[PDB]
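Chemist: My questions all concern the structure below.
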Amino acid sequence: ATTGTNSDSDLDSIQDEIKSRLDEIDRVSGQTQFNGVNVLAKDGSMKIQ
Amino acid sequence: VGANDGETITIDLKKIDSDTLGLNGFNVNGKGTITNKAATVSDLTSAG
């Protein structure tokens, strides 16, 4: 996208794809779950005996 | 041209037409137009 040959419509399409993939990143982070625990949605720690 | 920021090559373009090459009133036979000018306040003051 950063090249200057692209026009406004091309930039709009590329940014639409970028926004979709950012939404996918957020969705995967939110929905990834193990045993009812959101592993990627918290900044905590886990203790194993 | 590269994969990092600011790593580009610039192509300069020019406005090419009659205006930027002159040739406006080429006037080989002596009949043509000039589209003289637009007046201003300095011109009005000079005219009086």
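Here, A, B, ... name the chains of the structure tokens in the order displayed, residue numbers run from 1 inside each chain, and ligands are numbered from 1 in the same displayed order.
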Distance limit 12 Å, atoms considered: only C-alpha atoms. Which chain B residues sit that close to chain A? Return them as a list in words.
Modeler: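 Contact residues on the first chain: residues 1, 2, 3, 4, 5, 6, 7, 8, 9, 10 and 11 of chain B.
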Chemist: Keeping N, CA and C atoms, export the residues of the selection given above as a CSV table (one decimal), in the first residue's frame.
Modeler:
chain,number,residue,atom,x,y,z
B,1,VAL,N,10.6,0.6,-2.8
B,1,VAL,CA,11.6,-0.3,-3.4
B,1,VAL,C,12.1,-1.3,-2.3
B,2,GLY,N,12.1,-0.9,-1.1
B,2,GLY,CA,12.6,-1.8,0.0
B,2,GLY,C,11.5,-2.3,0.9
B,3,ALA,N,11.8,-3.0,1.9
B,3,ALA,CA,10.9,-3.5,2.9
B,3,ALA,C,10.8,-2.6,4.2
B,4,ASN,N,11.6,-1.6,4.3
B,4,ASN,CA,11.7,-0.7,5.5
B,4,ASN,C,11.1,0.7,5.2
B,5,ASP,N,11.0,1.5,6.2
B,5,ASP,CA,10.4,2.8,6.1
B,5,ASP,C,11.3,3.8,5.4
B,6,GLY,N,10.7,4.7,4.6
B,6,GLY,CA,11.4,5.7,3.9
B,6,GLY,C,12.3,5.2,2.8
B,7,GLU,N,12.2,4.0,2.3
B,7,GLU,CA,13.1,3.4,1.4
B,7,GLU,C,12.4,3.4,0.0
B,8,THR,N,12.4,4.5,-0.6
B,8,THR,CA,11.7,4.8,-1.8
B,8,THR,C,12.5,5.4,-2.9
B,9,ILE,N,12.0,5.4,-4.1
B,9,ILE,CA,12.6,6.1,-5.3
B,9,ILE,C,11.6,7.0,-5.9
B,10,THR,N,12.0,8.2,-6.2
B,10,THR,CA,11.1,9.3,-6.6
B,10,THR,C,11.2,9.5,-8.1
B,11,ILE,N,10.0,9.6,-8.8
B,11,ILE,CA,9.9,9.9,-10.2
B,11,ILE,C,9.3,11.3,-10.3
Chemist: Would you kindly return, as a ChimeraX atom specification, each protein, DNA or RNA residue with an atom no farther than 8 Å from any atom of segment 13-17 of chain A, considering only C-alpha atoms and excluding same-chain residues fewer than 4 positions away?
Modeler: /A:1,9,21
Chemist: I need the residues of chain B that end up classed as alpha helix (DSSP H) by DSSP on the backbone, written out as a ChimeraX atom specification.
Modeler: /B:18-21,41-47
Chemist: What is the distance, in Å and to one decimal place, between atom CA of residue 5 of chain A and atom CA of residue 22 of chain A?
Modeler: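 Taking atom CA of residue 5 of chain A as the start and atom CA of residue 22 of chain A as the end point, the length is 24.6 Å.
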